[PDB]
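Engineer: To start, I am sharing the structure in question, which I have written as structure tokens.
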Amino acid sequence: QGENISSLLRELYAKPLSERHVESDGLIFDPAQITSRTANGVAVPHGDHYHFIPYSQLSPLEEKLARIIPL
Ligand SMILES: [Zn+2]
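If you're matching positions, the sequence shown starts at 1 in my numbering and goes up one per residue.
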């Protein structure tokens, strides 16, 4: 399972940044940096604050990885 998730995440990192989610303050979503996960989305740190990103704001691939990556 770990190897499968790593291969999928490698696939995401291989896409152009234009196809990945960016927050209004510039933060690029990275599933490997998820610190908390709920039913509506995930939390990622960004210095002195955390973002919460709803799954629906991510691409389908980004959502899949956000849901399955093991914390
Ligand atoms: Zn931020």
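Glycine included, every Cβ here is placed at the ideal spot set by N, Cα and C.
1) Using CA coordinates, which residue listed in 35, 19, 32, 24 is at the minimum distance from residue 60?
2) Between the alpha carbons of residue 50 and residue 25, how many angstroms are there, rounded?
3) Alpha carbon to alpha carbon, how far is residue 21 from residue 63?
4) For residue 29, is the classification buried or exposed, using 16 other Cβ atoms within 10 angstroms of its Cβ as the cut-off for buried?
5) I need the residues with a C-beta less than 5 Å from some heavy atom of ligand 1; please give them in chain order.
Structural biologist: A quick look at the data gives this:
1) Translated into the one-based positions of the sequence shown, residue 60 becomes position 60. If we check each option's Cα against that of residue 60, 19 comes out closest.
2) Here residue 50 refers to the residue found at position 50 when the sequence shown is read from its first residue. Here residue 25 refers to the residue found at position 25 when the sequence shown is read from its first residue. Distance between the alpha carbons of residue 50 and residue 25: 12 Å.
3) For this step, residue 21 is matched to residue 21 along the sequence shown. For this step, residue 63 is matched to residue 63 along the sequence shown. If I take the Cα positions, the gap works out to 10 Å.
4) Taking the first residue of the sequence shown as position 1, residue 29 is located at position 29. By the neighbour-count criterion, in which 16 or more other beta carbons inside 10 Å mark a residue as buried, residue 29 falls on the buried side.
5) In chain order, the residues that have a beta carbon nearer than 5 Å to some heavy atom of ligand 1 are 25, 27, 46.
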